[PDB]
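Below is one structure, written out as structure tokens; comments come after it.
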Amino acid sequence: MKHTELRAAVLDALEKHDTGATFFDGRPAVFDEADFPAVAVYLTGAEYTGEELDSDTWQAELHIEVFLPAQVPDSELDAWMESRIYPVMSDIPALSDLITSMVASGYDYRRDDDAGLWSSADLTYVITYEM
Amino acid sequence: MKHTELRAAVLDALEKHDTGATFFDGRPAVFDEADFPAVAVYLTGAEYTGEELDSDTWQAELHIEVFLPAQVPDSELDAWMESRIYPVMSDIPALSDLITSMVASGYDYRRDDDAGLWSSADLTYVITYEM
Amino acid sequence: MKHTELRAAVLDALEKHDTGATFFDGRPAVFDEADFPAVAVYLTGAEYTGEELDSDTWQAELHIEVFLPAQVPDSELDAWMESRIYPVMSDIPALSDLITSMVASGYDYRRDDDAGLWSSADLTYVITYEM
Amino acid sequence: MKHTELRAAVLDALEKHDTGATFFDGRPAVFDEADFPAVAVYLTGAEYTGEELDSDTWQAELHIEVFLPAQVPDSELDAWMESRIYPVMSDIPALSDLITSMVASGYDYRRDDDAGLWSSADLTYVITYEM
Amino acid sequence: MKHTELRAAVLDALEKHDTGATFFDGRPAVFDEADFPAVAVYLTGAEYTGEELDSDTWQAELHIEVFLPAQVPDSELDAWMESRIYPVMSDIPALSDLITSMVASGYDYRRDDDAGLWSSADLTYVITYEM
Amino acid sequence: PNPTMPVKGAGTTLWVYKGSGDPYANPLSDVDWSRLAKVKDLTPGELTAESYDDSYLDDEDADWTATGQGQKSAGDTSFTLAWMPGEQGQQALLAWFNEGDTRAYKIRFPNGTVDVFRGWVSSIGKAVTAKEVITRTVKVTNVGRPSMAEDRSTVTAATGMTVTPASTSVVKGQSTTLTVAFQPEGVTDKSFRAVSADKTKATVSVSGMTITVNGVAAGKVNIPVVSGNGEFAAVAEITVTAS
Amino acid sequence: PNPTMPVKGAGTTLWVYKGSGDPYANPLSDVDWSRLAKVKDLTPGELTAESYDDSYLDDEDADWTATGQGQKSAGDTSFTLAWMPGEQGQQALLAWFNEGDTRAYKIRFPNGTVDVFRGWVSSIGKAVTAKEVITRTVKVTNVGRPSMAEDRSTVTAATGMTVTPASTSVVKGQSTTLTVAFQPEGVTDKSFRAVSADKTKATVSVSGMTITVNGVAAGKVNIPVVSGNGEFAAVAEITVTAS
Amino acid sequence: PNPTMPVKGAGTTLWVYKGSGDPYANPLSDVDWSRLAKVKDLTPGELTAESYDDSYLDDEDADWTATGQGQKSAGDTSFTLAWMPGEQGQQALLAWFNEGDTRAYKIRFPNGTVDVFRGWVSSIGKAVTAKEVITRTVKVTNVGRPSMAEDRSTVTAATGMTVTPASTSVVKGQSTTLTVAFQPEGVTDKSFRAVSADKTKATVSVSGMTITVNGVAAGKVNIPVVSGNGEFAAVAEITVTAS
């Protein structure tokens, strides 16, 4: 197992800097309109790209989600997703030992339309890991 | 056919290890909120990739599926999957005799979105077998 | 961070020219029928095509969007994109120093149908930048 | 740019022969059962195929449509297309200098199903133009 | 185009054979429970795959639909398609002189699901012609 | 861990002999072998035999070519692996290339079998791009007669073919199980064949050495079960009954 | 930057030697290497070693192909990069190709591990289409022994550059000798550079693990020191006196 | 429009010299150059060379092959353009090919530079098919040393670089911008890095011609700045304060 270890390691790497946000691990989330801007960490995929003759060498997708209230301008989302979260995770020594390689993939936004309650920005990482 | 014992074979392996879950076999399932976390085994695909001039050598997808209550965090599913299944399905003597090759594909997560009674962790295997 | 600089640079060049339009930058917009024809500029994509061994060199798509009321003939809209925006981005020294390279990709049309309040035309520019 | 005159030139090139149809330019249309069978001209696409290293040489798609009421047999649509529109536009010197190269694509039918308020035949051209 | 002539030719070829069915040309149709088992002939596609530097050489598709009451077993459809349509059009001099090449494309069934008022069998050909 | 079944193939290991004794002696021993970690891909050197001409002027019609096997070549073995400069041993193999000596390496398959080659390194390269790890490319010129794992494999057979006798009650489909066991330690090269002497009153439906003898018509018959080897056989007494 | 772990490849940089000494002595320091950036892609030179026959009719069974490696060669290295006509260094290689000497170049991986090859430019190409930045492709054939990374394999470094501050006044031709040394107990590929920050009153002529400061006129100025590739620095103030 | 940054490529122009004097004089002016239009593509003649050998018996080393750059050729340039018989100049090009003389042609890139080569026509192709315009294909075999764009470039350097002194007011990370510009005409070949002499009280954070120094712990710091040439350098006195 690495997913619990991986998710734990990255959130700690984020929390070392100044706070200002909630750090919902896992997936069930459940926010309510008081625990706002917060960050979620989870994984998807987890296939069996063989790629090797000595270990399974699976790959997965690491998602970093930051949620902001409704219709705030994306400017802070750009600042949040580029400055708050990107440079800090750029080199986490715990992950380097934990994983085999880390690659950045995605940088997206998603505005709630029905009732327009929230606004989410997605940072996607592709992870090659062996478990 | 091979499927019945195939489903029987894996069921023996997991039941042989420590329990902690019901083992509704096949697909009809029907749980109600009494028989929670439990697993199921079934097959999908079953096509006729020839691949061999003397034997039909069919192949199909194998699903090991485990359901967990509603919004339990993935960590339990992650722990459940990479401890109670993946190590167990590493090698089974019965399976080797029954089928030709055993290959892993991947595993994902999904859950009841509306209402939200259940969470599901699905592991998908690939089996090549001869009639 | 470059998006705020990038967004500001282009809009200011647009604002530098003749007025006659609101310059809502970013995303949330929210018009009502008092601040009509207005221009919206935003970014999408921003993946990690590596393509370069010494720097990440991402690339994202730049949108230039302008809204017109309902059944205004497209001739005005065709005039509007020429009369207002398209020639201006032919040479803007501001973002040229800011980003690596940027080309045009397309120029489309769309409109509301149910209640037909709005009608819009979008400009898509593929931009290549390092951050 | 040239979109206004290009539609203007071709619609004028159509009007030289007998009348008996509206020549709605662009898109807004709005027919009602009083200005019936008519034609509409508009363009879509407008990409930036390079194809050339001296000038933009943009390429778009030319849409020419005709609308007929309810379930009039397509024989009228065929006859209308093969005579009223297709031959005349096949050589219009007015746009010869206005464009770079013209090529036909196809000819399709699509008619109202609910209440059958109309019936439309669409002729589609691909246009390469130096905007 | 020559569509009216071609449809007339194939329709007359069908009508020459022993009748018993309505022979709707075009597409308005409108059956009611009195013109049952019947046929309709129409054309779709109509592209400009030029393919030849001497003439347009357009290519279209021929639909021959046959409609039968509700949920008649498909044996009747098989008999209809094998007796009254497929062989009879295998050699018709009128269309032979009208077009360049005619090729069998496909043949399939589909019956109404909601209220099941009809069951149709479609025979589709591909034709190359010059306009 | 049997060699008699098709193997998945994933999980094989690569080793290079480093001692001084004969690698062909105990290829199973890994004591004098260095494991090569992180093998991305492997490509064994194929075994090829040159075609030697044999046609002569004075013979019958030479309408068909007459060529015999000529000199045999062990080919070239290539593989790719993750670039690990800090690993101890990658320096050795490139130095092995640098010194240009002939050494021996073995491949341990995820089956219980190992094959060993002899040769010298010929091609070393590295491929580098973004969003993928740096890969090391190796190609080795195999030399001499190499040791196929088939030679290491042994043979178990003979001692005859045992059979379960009697089972002379055949009626209503029946398909009585019949086990033609093989005497030597169970483990044997099973090449047998069972077939009834009548083909109508009694028949055989052998499946996995478990013969199922069925019948419809009555009478008396003896079912012979023979070995593909041609010298060992068994015959069982069968009296099928209609009802 | 661990060399014993797999590494992606991002951040790799290419350098061309520009000094007048052996490149292989201090590959880690980039003082005598000029860097070229905006490298689109890189294909490292591939080490080759052709076969050499070793056969005799008076040998054993001639059913195999006993051969050894002969002329090992590093092949050629090719890469592409964005065209930079108005950038210093593009002309250097262009001129380097134009007269075709045999210079050396260095590739630096994101691991502190570098390699050095000497060769001459074999081919220069320019690729240009619409919508795509002009790229220039260059092929250089390696010559001689390639100084590959794994040979060193034993780098050591730490933090600190010792030097003697003050020593302000100096007479009799000035020329005060100031000692400079490394903290990591000398076990390091040492390299440093120091010059006069003003040169108006003092002149520094660093030579052989130490510097000499011969002031041309009275006055105070600081003397910058850069520890080779640019990781540590020190400043010594010099107030040369007129007498 | 600078040559010191990568440029797209769209907007490139092709010209053919039609005058009489040497085209290499002022290729920037298009006085005697025939301009072509609607050029579908372009493929510059890549510069190529040969691997001349210098082997000898009396050699200490043999294994590593040694070769030198031989003679260099300009290759062939080919391009396609819309078939324009009515254009004036394609006939001249056709006449050029038919007469088979050696002529000079230049390319003006949308970058601010020009490149001209001398050669003779080698191939003329015409592609005809519906749904897209007829294309005329041309290939020219270059001859001799070609005039290269970078040769026309000019370089400004030396005279040192400036530095903002003092900047001693340090508090809460300092974040004080330091400008290191060059006195000579402003424009030069930029190669300079700042390396702190303490790395503890103050640390350099070089950022695109701007130095944003920082302060953590109180102290007196002499921050040195140096240039790529290794000749010009300066030291800035910093009084870092923790609070």
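Scheme for the structure tokens: letters A, B, ... for chains in order shown; per-chain residue numbers from 1; ligand numbers from 1 in order shown.
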For this session: For chain B, work out the contacting residues on chain F at 10 Å, counting only C-alpha atoms, and write them as a ChimeraX atom specification.
Result: /F:5-10
What's around residue 39 of chain B at 9 Å? Count only C-alpha atoms, leave out sequence neighbours fewer than 2 positions away in its own chain, and write the answer as an mmCIF file with N, CA and C atoms, in the first residue's frame.
data_model
loop_
_atom_site.group_PDB
_atom_site.id
_atom_site.type_symbol
_atom_site.label_atom_id
_atom_site.label_comp_id
_atom_site.auth_asym_id
_atom_site.auth_seq_id
_atom_site.Cartn_x
_atom_site.Cartn_y
_atom_site.Cartn_z
ATOM 1 N N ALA B 21 -16.663 -10.073 5.858
ATOM 2 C CA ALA B 21 -17.546 -9.644 4.790
ATOM 3 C C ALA B 21 -18.380 -10.817 4.306
ATOM 4 N N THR B 22 -19.549 -10.503 3.761
ATOM 5 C CA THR B 22 -20.330 -11.505 3.062
ATOM 6 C C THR B 22 -19.730 -11.736 1.682
ATOM 7 N N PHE B 23 -20.102 -12.852 1.066
ATOM 8 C CA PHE B 23 -19.499 -13.219 -0.206
ATOM 9 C C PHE B 23 -20.549 -13.518 -1.263
ATOM 10 N N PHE B 24 -21.522 -12.622 -1.425
ATOM 11 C CA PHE B 24 -22.545 -12.798 -2.446
ATOM 12 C C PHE B 24 -21.905 -13.041 -3.805
ATOM 13 N N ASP B 25 -22.072 -14.254 -4.322
ATOM 14 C CA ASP B 25 -21.410 -14.676 -5.544
ATOM 15 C C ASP B 25 -22.215 -14.273 -6.769
ATOM 16 N N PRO B 37 -20.220 -4.280 4.587
ATOM 17 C CA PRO B 37 -19.277 -4.623 3.513
ATOM 18 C C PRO B 37 -19.195 -6.089 3.144
ATOM 19 N N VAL B 41 -18.114 -11.506 -7.194
ATOM 20 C CA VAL B 41 -17.233 -11.936 -8.272
ATOM 21 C C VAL B 41 -18.085 -12.302 -9.477
ATOM 22 N N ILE B 64 -13.555 -8.368 -9.252
ATOM 23 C CA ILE B 64 -13.646 -8.513 -7.809
ATOM 24 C C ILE B 64 -14.135 -7.174 -7.288
ATOM 25 N N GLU B 65 -15.347 -7.157 -6.751
ATOM 26 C CA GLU B 65 -16.018 -5.917 -6.397
ATOM 27 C C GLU B 65 -16.421 -5.961 -4.934
ATOM 28 N N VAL B 66 -16.099 -4.900 -4.201
ATOM 29 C CA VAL B 66 -16.386 -4.799 -2.777
ATOM 30 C C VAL B 66 -17.122 -3.492 -2.523
ATOM 31 N N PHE B 67 -18.223 -3.568 -1.783
ATOM 32 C CA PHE B 67 -19.050 -2.412 -1.480
ATOM 33 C C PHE B 67 -18.889 -2.018 -0.021
#
Within 12 Å of residue 49 of chain D, counting only C-alpha atoms, which residues show up once you throw out same-chain ones fewer than 3 positions away? Write them as a compact mmCIF listing (two decimals) with C-alpha atoms, in the first residue's frame, please.
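The file below, part_2.txt, is the result:
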# COMPACT_ATOMS: atom_id res chain seq x y z
CA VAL C 103 -0.56 31.58 -32.74
CA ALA C 104 -4.18 31.86 -33.81
CA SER C 105 -6.34 28.75 -33.92
CA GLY C 106 -9.95 29.63 -34.72
CA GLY D 45 -15.17 27.51 -38.93
CA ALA D 46 -12.57 30.21 -39.63
CA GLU D 52 1.78 29.17 -46.18
CA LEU D 53 4.71 31.02 -44.63
CA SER D 55 0.43 35.36 -44.89
CA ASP D 56 -2.31 33.94 -42.69
CA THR D 57 -4.32 32.22 -45.45
CA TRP D 58 -7.29 31.48 -43.24
CA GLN D 59 -9.86 28.84 -44.12
CA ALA D 60 -13.53 28.75 -43.19
CA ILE D 127 -13.47 28.33 -48.79
CA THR D 128 -9.82 29.33 -48.56
CA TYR D 129 -9.45 33.09 -48.15
CA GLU D 130 -6.65 35.52 -47.33
CA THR G 129 7.31 25.77 -41.01
CA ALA G 130 4.29 27.91 -40.21
CA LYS G 131 3.08 28.05 -36.59
CA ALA H 10 5.22 32.71 -40.37
CA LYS H 40 3.66 26.46 -49.65
**Request:** Find the residues around segment 113-122 of chain B up to 8 Å (only C-alpha atoms counted), leave out those fewer than 5 positions away in its own chain, and share them as a list in words.
**Result:** residues 63, 64, 65, 66, 67, 68, 69, 70, 71, 72, 77, 81, 107 and 108 of chain B
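If only C-alpha atoms are the atoms counted, then among G:207, G:164, G:222, G:80 the closest residue to residue 133 of chain G is G:80.
Between atom CA of residue 79 of chain H and atom CA of residue 125 of chain H the separation is 9.9 Å.
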TODO: Return as a PyMOL selection string the residues belonging to chain G that are within 8 Å of chain F, counting only C-alpha atoms.
DONE: chain G and resi 2-10+41-51+62-69+149-151+153
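For the pair atom CA of residue 225 of chain F and atom CA of residue 206 of chain F, the interatomic distance is 10.2 Å.
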From segment 144-200 of chain H, collect each residue whose DSSP state is strand (DSSP E or B) and return the set as a PDB file with N, CA, C and O atoms, in the first residue's frame.
ATOM      1  N   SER H 147      26.652  32.329 -47.525  1.00  0.00           N
ATOM      2  CA  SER H 147      26.615  33.439 -46.582  1.00  0.00           C
ATOM      3  C   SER H 147      25.600  33.113 -45.497  1.00  0.00           C
ATOM      4  O   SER H 147      24.416  32.912 -45.784  1.00  0.00           O
ATOM      5  N   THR H 176      14.757  43.331  -1.569  1.00  0.00           N
ATOM      6  CA  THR H 176      15.233  44.553  -2.203  1.00  0.00           C
ATOM      7  C   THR H 176      15.785  44.255  -3.591  1.00  0.00           C
ATOM      8  O   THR H 176      16.691  43.432  -3.752  1.00  0.00           O
ATOM      9  N   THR H 177      15.238  44.940  -4.591  1.00  0.00           N
ATOM     10  CA  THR H 177      15.639  44.731  -5.972  1.00  0.00           C
ATOM     11  C   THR H 177      16.986  45.384  -6.235  1.00  0.00           C
ATOM     12  O   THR H 177      17.199  46.554  -5.908  1.00  0.00           O
ATOM     13  N   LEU H 178      17.892  44.617  -6.833  1.00  0.00           N
ATOM     14  CA  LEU H 178      19.197  45.115  -7.240  1.00  0.00           C
ATOM     15  C   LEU H 178      19.282  45.064  -8.755  1.00  0.00           C
ATOM     16  O   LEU H 178      19.055  44.010  -9.359  1.00  0.00           O
ATOM     17  N   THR H 179      19.610  46.199  -9.361  1.00  0.00           N
ATOM     18  CA  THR H 179      19.738  46.309 -10.805  1.00  0.00           C
ATOM     19  C   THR H 179      21.204  46.155 -11.179  1.00  0.00           C
ATOM     20  O   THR H 179      22.051  46.933 -10.726  1.00  0.00           O
ATOM     21  N   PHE H 192      25.855  37.057 -16.425  1.00  0.00           N
ATOM     22  CA  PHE H 192      26.231  37.490 -15.089  1.00  0.00           C
ATOM     23  C   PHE H 192      25.347  36.786 -14.073  1.00  0.00           C
ATOM     24  O   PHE H 192      24.147  36.615 -14.301  1.00  0.00           O
ATOM     25  N   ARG H 193      25.945  36.375 -12.959  1.00  0.00           N
ATOM     26  CA  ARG H 193      25.195  35.817 -11.844  1.00  0.00           C
ATOM     27  C   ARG H 193      25.697  36.435 -10.551  1.00  0.00           C
ATOM     28  O   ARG H 193      26.861  36.828 -10.441  1.00  0.00           O
ATOM     29  N   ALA H 194      24.805  36.513  -9.571  1.00  0.00           N
ATOM     30  CA  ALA H 194      25.136  36.999  -8.242  1.00  0.00           C
ATOM     31  C   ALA H 194      25.223  35.811  -7.298  1.00  0.00           C
ATOM     32  O   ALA H 194      24.333  34.954  -7.292  1.00  0.00           O
TER      33      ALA H 194
END
Near-residue 27 of chain D list (8 Å; only C-alpha atoms; drop same-chain fewer than 6 positions) as a PDB file with N, CA, C and O atoms, in the first residue's frame:
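Done, and the output landed in result-v9.pdb:
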ATOM      1  N   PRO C  73     -27.285  41.125 -36.481  1.00  0.00           N
ATOM      2  CA  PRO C  73     -26.742  40.372 -37.616  1.00  0.00           C
ATOM      3  C   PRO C  73     -25.253  40.122 -37.453  1.00  0.00           C
ATOM      4  O   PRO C  73     -24.510  40.975 -36.966  1.00  0.00           O
ATOM      5  N   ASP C  74     -24.823  38.935 -37.880  1.00  0.00           N
ATOM      6  CA  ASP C  74     -23.432  38.537 -37.716  1.00  0.00           C
ATOM      7  C   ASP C  74     -22.477  39.475 -38.436  1.00  0.00           C
ATOM      8  O   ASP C  74     -21.296  39.532 -38.077  1.00  0.00           O
TER       9      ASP C  74
ATOM     10  N   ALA D  40     -30.544  31.418 -47.020  1.00  0.00           N
ATOM     11  CA  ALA D  40     -29.693  32.061 -46.035  1.00  0.00           C
ATOM     12  C   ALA D  40     -28.243  31.759 -46.365  1.00  0.00           C
ATOM     13  O   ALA D  40     -27.927  30.680 -46.871  1.00  0.00           O
ATOM     14  N   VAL D  41     -27.367  32.717 -46.086  1.00  0.00           N
ATOM     15  CA  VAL D  41     -25.940  32.579 -46.339  1.00  0.00           C
ATOM     16  C   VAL D  41     -25.190  32.957 -45.074  1.00  0.00           C
ATOM     17  O   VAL D  41     -25.423  34.029 -44.507  1.00  0.00           O
ATOM     18  N   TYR D  42     -24.291  32.083 -44.636  1.00  0.00           N
ATOM     19  CA  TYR D  42     -23.434  32.373 -43.495  1.00  0.00           C
ATOM     20  C   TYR D  42     -22.226  31.451 -43.558  1.00  0.00           C
ATOM     21  O   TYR D  42     -22.196  30.483 -44.322  1.00  0.00           O
TER      22      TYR D  42
END
Counting only C-alpha atoms, which residues of chain C come no farther than 8 Å from chain A, as a PyMOL selection string? chain C and resi 1+3-4+26-28+44-48
Residues of the last selection are to be written out with N, CA, C and O atoms, as an mmCIF file, in the first residue's frame.
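So part_21.cif came out as:
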data_model
loop_
_atom_site.group_PDB
_atom_site.id
_atom_site.type_symbol
_atom_site.label_atom_id
_atom_site.label_comp_id
_atom_site.auth_asym_id
_atom_site.auth_seq_id
_atom_site.Cartn_x
_atom_site.Cartn_y
_atom_site.Cartn_z
ATOM 1 N N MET C 1 3.720 33.288 -11.413
ATOM 2 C CA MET C 1 2.376 33.394 -11.965
ATOM 3 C C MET C 1 2.364 34.354 -13.144
ATOM 4 O O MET C 1 2.948 35.432 -13.083
ATOM 5 N N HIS C 3 -0.764 34.396 -15.486
ATOM 6 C CA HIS C 3 -2.090 34.614 -16.051
ATOM 7 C C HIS C 3 -2.603 36.018 -15.767
ATOM 8 O O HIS C 3 -3.129 36.681 -16.668
ATOM 9 N N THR C 4 -2.455 36.495 -14.531
ATOM 10 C CA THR C 4 -2.892 37.852 -14.227
ATOM 11 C C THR C 4 -2.123 38.866 -15.056
ATOM 12 O O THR C 4 -2.713 39.791 -15.625
ATOM 13 N N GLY C 26 -11.433 37.735 -16.805
ATOM 14 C CA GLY C 26 -11.471 36.551 -15.977
ATOM 15 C C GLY C 26 -12.588 35.587 -16.312
ATOM 16 O O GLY C 26 -12.508 34.863 -17.306
ATOM 17 N N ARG C 27 -13.637 35.567 -15.499
ATOM 18 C CA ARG C 27 -14.622 34.505 -15.644
ATOM 19 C C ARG C 27 -16.037 34.890 -15.219
ATOM 20 O O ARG C 27 -16.965 34.747 -16.023
ATOM 21 N N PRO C 28 -16.260 35.366 -13.987
ATOM 22 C CA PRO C 28 -17.640 35.410 -13.471
ATOM 23 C C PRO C 28 -18.601 36.246 -14.301
ATOM 24 O O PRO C 28 -19.805 35.960 -14.295
ATOM 25 N N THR C 44 -7.612 28.499 -20.719
ATOM 26 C CA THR C 44 -8.033 27.122 -20.512
ATOM 27 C C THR C 44 -6.900 26.197 -20.933
ATOM 28 O O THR C 44 -5.985 26.592 -21.660
ATOM 29 N N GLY C 45 -6.969 24.954 -20.465
ATOM 30 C CA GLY C 45 -5.974 23.964 -20.827
ATOM 31 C C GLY C 45 -4.779 23.946 -19.898
ATOM 32 O O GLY C 45 -4.851 23.385 -18.803
ATOM 33 N N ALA C 46 -3.671 24.546 -20.332
ATOM 34 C CA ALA C 46 -2.464 24.684 -19.518
ATOM 35 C C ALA C 46 -1.948 23.324 -19.044
ATOM 36 O O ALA C 46 -1.771 23.072 -17.852
ATOM 37 N N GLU C 47 -1.703 22.445 -20.006
ATOM 38 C CA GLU C 47 -1.136 21.140 -19.711
ATOM 39 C C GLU C 47 0.385 21.251 -19.648
ATOM 40 O O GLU C 47 0.947 22.346 -19.603
ATOM 41 N N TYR C 48 1.067 20.112 -19.649
ATOM 42 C CA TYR C 48 2.512 20.040 -19.471
ATOM 43 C C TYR C 48 3.148 19.251 -20.607
ATOM 44 O O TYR C 48 3.845 18.256 -20.397
#
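For residue 235 of chain G, the residues within 8 Å (counting only C-alpha atoms, excluding itself and residues fewer than 3 positions away along the chain) are residues 165, 222, 223, 224 and 225 of chain G; 197, 222, 223, 224 and 235 of chain H.
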Export of prior selection with N, CA, C and O atoms as a short mmCIF file (atom, residue, chain, number, x, y, z; two decimals), in the first residue's frame:
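Generated file (out39.cif):
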data_model
loop_
_atom_site.label_atom_id
_atom_site.label_comp_id
_atom_site.auth_asym_id
_atom_site.auth_seq_id
_atom_site.Cartn_x
_atom_site.Cartn_y
_atom_site.Cartn_z
N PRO G 165 41.05 37.44 4.43
CA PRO G 165 40.64 38.84 4.25
C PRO G 165 41.71 39.82 4.70
O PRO G 165 42.82 39.41 5.08
N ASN G 222 36.71 45.98 -2.61
CA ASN G 222 36.44 44.59 -2.27
C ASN G 222 36.83 43.69 -3.44
O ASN G 222 36.83 44.12 -4.60
N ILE G 223 37.16 42.45 -3.13
CA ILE G 223 37.59 41.47 -4.12
C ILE G 223 36.61 40.31 -4.11
O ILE G 223 36.63 39.49 -3.18
N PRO G 224 35.73 40.19 -5.10
CA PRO G 224 34.81 39.05 -5.17
C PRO G 224 35.51 37.75 -5.52
O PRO G 224 36.49 37.72 -6.27
N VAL G 225 34.98 36.66 -4.97
CA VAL G 225 35.46 35.31 -5.25
C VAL G 225 34.25 34.43 -5.54
O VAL G 225 33.27 34.46 -4.79
N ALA H 197 28.27 36.11 -0.60
CA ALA H 197 29.49 35.76 0.11
C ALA H 197 29.22 35.16 1.48
O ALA H 197 30.17 34.73 2.14
N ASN H 222 28.88 41.45 2.38
CA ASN H 222 29.42 42.00 1.15
C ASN H 222 29.01 41.06 0.02
O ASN H 222 29.69 40.06 -0.24
N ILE H 223 27.90 41.37 -0.64
CA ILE H 223 27.38 40.52 -1.71
C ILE H 223 28.16 40.79 -3.00
O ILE H 223 28.12 41.92 -3.51
N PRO H 224 28.87 39.81 -3.54
CA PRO H 224 29.57 40.01 -4.81
C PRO H 224 28.74 39.58 -6.01
O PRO H 224 28.00 38.60 -5.97
N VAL H 235 31.06 44.12 -5.85
CA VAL H 235 30.65 43.67 -4.53
C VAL H 235 29.76 44.74 -3.91
O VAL H 235 30.11 45.92 -3.91
#
Exercise for the section: Just the residues within 9 Å of residue 148 of chain F, please, counting only C-alpha atoms, with nothing from its chain fewer than 6 positions along; format it as a list in words. Expected result: residues 114, 115, 116 and 117 of chain F
Can those selected residues be exported to a file as a PDB file, in the first residue's frame so that it contains N, CA and C atoms?
ATOM      1  N   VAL F 114      16.554 -21.048 -15.869  1.00  0.00           N
ATOM      2  CA  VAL F 114      17.534 -20.012 -16.168  1.00  0.00           C
ATOM      3  C   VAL F 114      18.314 -20.420 -17.407  1.00  0.00           C
ATOM      4  N   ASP F 115      18.573 -19.453 -18.282  1.00  0.00           N
ATOM      5  CA  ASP F 115      19.415 -19.647 -19.453  1.00  0.00           C
ATOM      6  C   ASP F 115      20.577 -18.671 -19.378  1.00  0.00           C
ATOM      7  N   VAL F 116      21.756 -19.124 -19.792  1.00  0.00           N
ATOM      8  CA  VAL F 116      22.990 -18.361 -19.661  1.00  0.00           C
ATOM      9  C   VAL F 116      23.643 -18.243 -21.031  1.00  0.00           C
ATOM     10  N   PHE F 117      24.140 -17.050 -21.344  1.00  0.00           N
ATOM     11  CA  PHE F 117      24.847 -16.786 -22.585  1.00  0.00           C
ATOM     12  C   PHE F 117      26.272 -16.338 -22.297  1.00  0.00           C
TER      13      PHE F 117
END
